[PDB]
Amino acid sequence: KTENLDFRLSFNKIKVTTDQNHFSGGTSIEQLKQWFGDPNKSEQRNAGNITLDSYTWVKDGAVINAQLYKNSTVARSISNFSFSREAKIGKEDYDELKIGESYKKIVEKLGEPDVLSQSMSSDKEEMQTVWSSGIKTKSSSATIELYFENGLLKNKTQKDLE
């Protein structure tokens, strides 16, 4: 049984805009508050004439952040969370991951990463993902971290798996 599971799963409801022209259609603050209640912290992040509204929620040490441009999410992250789940990912599954492989395909194969951070700009989208559970190996401490660009695998790393 995974503690804090609902907080993690609600994180999947947060959508980063895919509109590289005008950044529309990302999750709004009204939606975030429906799911998570009032944020623990918020701040306006200014750079030149671009302003993002950054909001952070904390629950049992897990931290969710969302950054919104004109009330549309452009970046999101969760930290300090792990699932309690069956060990299914082995060294062979890791070895099979190929540069250019889609995030969608990889989640079908490995299950959802424990934590991730995702952002976009008009030029590119990126995502960093960590699996800290669901790994079948000698060491209890094993992790897999995958970097994605534009929805596709760009780099893979592992600790204590092979």
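Residue indices: 1-based, along the sequence shown.
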{"query": "Mean C-alpha B-factor comparison - 109 to 117 and 132 to 140, higher one", "finding": "132 to 140"}
{"query": "Third of the chain's Cα B-factor distribution that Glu30 belongs to, per the entry", "finding": "middle"}
{"query": "Where the record places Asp38 (Cα B-factor, split into thirds across the chain)", "finding": "middle"}
{"query": "Relative C-alpha B-factor of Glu101, binned into the chain's lowest, middle or highest third", "finding": "middle"}
{"query": "Position of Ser122 among the chain's modelled residues by C-alpha B-factor, lowest, middle or highest third", "finding": "highest"}
{"query": "For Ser72, the third of its chain into which the C-alpha B factor falls", "finding": "lowest"}
